[PDB]
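Below you'll find only one chain, the form deposited in one PDB entry, shown as structure tokens.
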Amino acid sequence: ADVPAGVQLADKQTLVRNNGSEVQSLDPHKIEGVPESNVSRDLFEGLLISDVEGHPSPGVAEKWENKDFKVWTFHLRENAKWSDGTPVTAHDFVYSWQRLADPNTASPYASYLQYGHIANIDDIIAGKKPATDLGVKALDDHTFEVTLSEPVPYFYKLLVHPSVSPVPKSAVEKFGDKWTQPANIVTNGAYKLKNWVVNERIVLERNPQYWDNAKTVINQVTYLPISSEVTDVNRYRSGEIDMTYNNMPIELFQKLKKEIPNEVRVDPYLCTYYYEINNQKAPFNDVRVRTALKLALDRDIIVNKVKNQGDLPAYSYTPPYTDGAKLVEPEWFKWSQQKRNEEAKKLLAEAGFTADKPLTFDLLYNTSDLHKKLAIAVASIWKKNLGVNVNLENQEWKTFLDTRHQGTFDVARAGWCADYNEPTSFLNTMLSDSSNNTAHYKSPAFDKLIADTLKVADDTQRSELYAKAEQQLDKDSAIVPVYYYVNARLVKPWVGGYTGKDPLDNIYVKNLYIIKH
């Protein structure tokens, strides 16, 4: 943390943050969501980290070079250590990225190594080559060298993500799935795990071995698992919570902006809220059905009437303000909702559905005030505009993600937030073989457009290809875009160091501080 000259620090430097749900895991190779990543950034530190404004910056690597954007050499600081005092070395990175690539680990982020095009990853994922063939090596204890199969000018931007953080081989090996328990875990971020009580709290304490420990200010941070946005706001206003999760309740938000304007933080956020259709399951394998659902949803009602928190109606997957996005707004987005409804009814009438045999399906969402209220509204809109019937089902976060990976669903509420600010952070998740493809969408045409982006060495050609890839997704109605999120949350006046400038919202508690109050 960089405390401004003249700010008076509180005697007690403790923080309580709501984290939206119980995490999937604390193992960097078994996680894929925002709540998980929030805790992961405090515990595990990779090659680079984001600074307080989100810029990729030195993490365990103090400096790095690239040869033709294909060979990346990371010089690791000599004093990087784990919480047990042992050094973090390039060998830790070699073992960790191999473990991520290994199919036996079954990471939801195995494909992150395909996104960076680390040599031999496709064969490793397919079981054709062992994980030790991965294009990574330790040239010495403090030098990690990464070899890609094609030039990737933005490669270093990927390296702030939890999937590429190091994990301690000796703890993993000795304790298996219990390596993350407080008595067994070993960490290299600013914090260490003190307590983990499922569905109650996660408490982290300062890690004195952290290389940058002298600049850490907060001594203890607690992460809560509260999925009710209403309850989160209530416990923030009672004094318990210092920073809510960034999902805001429809019941209270309008009141909140009028009651505590200065605590309501609203900033840009590279995330898209959408309804994920399971493209492999009939009748959702029919584009007419998917297009009807996409067109009949009334974004103006959802975004400005039912939610009204500053979100922008969406017509694509990749947010248009992603660095490198130059998207073409489709003609259906400019039409009237009436015109979109007739088209939708027409397509559904064409797909075999009638009043006697209507379209009825499930709408899965993770337990939340916000998502339930949006799903109820979407169900009403779809019923009125298209005559379809939907059965709402809530599931807790960890189970909800598993269900979508399992492809035991019809339509699911969904949200993707960028992992690095470049359109492929979104677009690579729709590749046929991506480990993050929960839409279960497989288009050889889409795959080809993305494959072509690194075969050109021109930003303009790349952007035009990303635009076309979005048009292909849209043409196939792989998803139902709803809105581009804003990052809205409450932060107490005494919480310093949170700028809101990072559109990825990669917060590190080591950067915050409590002002005397």
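Residue numbers run from 1 along the displayed sequence. Superpose the two forms; the largest set of C-alphas matching within 1.5 Å is the rigid core.
From this point on, the text means the form deposited in another entry, which you will not see here.
When two forms of a protein are overlaid on their rigid core, residues whose CA moves 2 Å or more are considered shifted, and residue 196 is not one of them between this form and the one not shown. For residue 479, the Cα coordinates differ by 2 angstroms or more between this form and the one not shown after the core has been superposed. In that other deposited form, the CA atoms of residue 364 and residue 243 sit farther apart than in the displayed form, by at least 3 angstroms.
The distance between the CA atoms of residue 273 and residue 22 is at least 3 Å longer in that other deposited form than in the form shown here.
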